[PDB]
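Chemist: Chains as they are written, first to last, in the entry's author numbering: chain A, 1 to 192; chain B, 102 to 122; chain C, 202 to 222; chain D, 302 to 322.
Shown below is the structure under consideration.
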Amino acid sequence: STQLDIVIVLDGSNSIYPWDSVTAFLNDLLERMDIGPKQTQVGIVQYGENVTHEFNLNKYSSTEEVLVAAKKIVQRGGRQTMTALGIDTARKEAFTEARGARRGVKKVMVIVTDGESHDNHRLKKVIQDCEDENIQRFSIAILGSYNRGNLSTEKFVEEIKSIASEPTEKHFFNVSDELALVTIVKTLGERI
Amino acid sequence: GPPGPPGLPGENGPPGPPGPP
Amino acid sequence: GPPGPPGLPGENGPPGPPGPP
Amino acid sequence: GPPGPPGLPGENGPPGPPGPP
Ligand SMILES: [Mg+2]
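If you want it as structure tokens, here you go:
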């Protein structure tokens, strides 16, 4: 059974630019994803000032359905970005059976961030929780701050890339990297 | 002429100042 | 025609570093 | 028309913690 429980948590706050960027990234993600009649269930969740849910995990059964759902969930704005709340609300309120989650077959959590960790305590608690439950966490960084010089964006996103103690090459990716998405699927083939 | 749409949003604020001794 | 309204300001910046101990 | 100008950056982050003496 090549099925698995996947959740994608996106932010559309003021730190994020035109939603066409993330929908294009999600487009390429879902395109490469093998969403068959009963395999690869992907739920899209949006966060910011709160966590909104538009679609459920088992609300679709085709690449086309999930692809349309991904570009259908457009965030018009967000007062703030709370990365820690995105991870928290995903493993409970998105990975719940009533929301279309399975019996716990390969819990994949993909989250995007720009660099705004105002509280490392909440995210570390969710991290240690998902680490004990051996959840496959993937963090993608989006660059959209224009960059008016070498301000060292590496020192801004470093806070989120340190979430995973495992190799960053299989956990931390970029929106402008399509091979990153391939790296996810190839390593998702394993049990962990 | 019809006006355009809202411009691009602002980026995250700068890091806070160092704490006291 | 004319350009649209300005974008919305960003979010609060990251916390400052620890002071001199 | 064309999109408006970019929004202003976010507010300055909170001051860091006091250095433990
Ligand atoms: Mg934000």
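We put the CB at the ideal spot given by N, CA and C, even for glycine.
1) For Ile16(A) and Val42(A), which I take to be in contact (beta-carbon distance under 8 Å), what is that distance rounded to the nearest angstrom?
2) Under the three-state reduction of DSSP, which class applies to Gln128(A): helix, strand or coil?
3) Would you kindly work out how many angstroms separate the C-alpha atoms of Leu29(A) and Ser176(A), rounded to a whole number?
4) At what residues does the alpha helix (DSSP H) containing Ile87(A) begin and finish?
5) Ordered along the chain, which non-local residues of its own chain (more than five positions away) have a Cβ less than 8 Å from that of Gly48(A)?
6) Using 8 Å as the limit for Cβ to Cβ distance, is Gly211(C) near chain A?
7) If I'm right that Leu143(A) touches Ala101(A) with Cβ under 8 Å, what's the distance once you round it to whole angstroms?
8) Let me see if you follow: with CB-CB separation under 8 Å, is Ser176(A) close to chain B or not?
9) Is it the case that the Cβ atoms of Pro203(C) and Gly311(D) are separated by a distance below 8 Å?
10) Under three-state DSSP, which class holds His171(A)?
11) Are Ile35(A) and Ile73(A) closer than 8 Å when you measure CB to CB?
12) Would you kindly report the start and end of the unbroken alpha helix (DSSP H) that includes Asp5(A)?
13) How far does the beta strand (DSSP E) with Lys107(A) in it reach, from first residue to last?
14) Using DSSP bridges, identify the partner residues of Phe138(A).
15) Who's in the neighbourhood of ligand 1, going by beta-carbon under 5 Å from any heavy atom, listed in chain order?
16) Give me, in chain order, the residues of the same chain whose beta-carbon lies closer than 7 Å to that of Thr40(A); leave out the 5 immediate sequence neighbours on both sides.
Modeler: Let's see:
1) Wrong, their Cβ atoms sit about 20 Å apart, outside the cutoff.
2) helix
3) 12 Å
4) 83-89
5) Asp11, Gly12, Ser13, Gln75, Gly77, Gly78, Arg79, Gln80, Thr81, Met82
6) yes
7) At roughly 31 Å, the Cβ-Cβ gap does not stay under 8 Å, so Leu143(A) and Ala101(A) are not in contact.
8) no
9) no
10) coil
11) no
12) Looking at the DSSP string, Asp5(A) is not in any alpha helix (DSSP H); the run it does join, the beta strand (DSSP E), is 5-11.
13) 107-113
14) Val110(A)
15) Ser13(A), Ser15(A), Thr81(A), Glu212(C)
16) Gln3, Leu4, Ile6, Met33, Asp34
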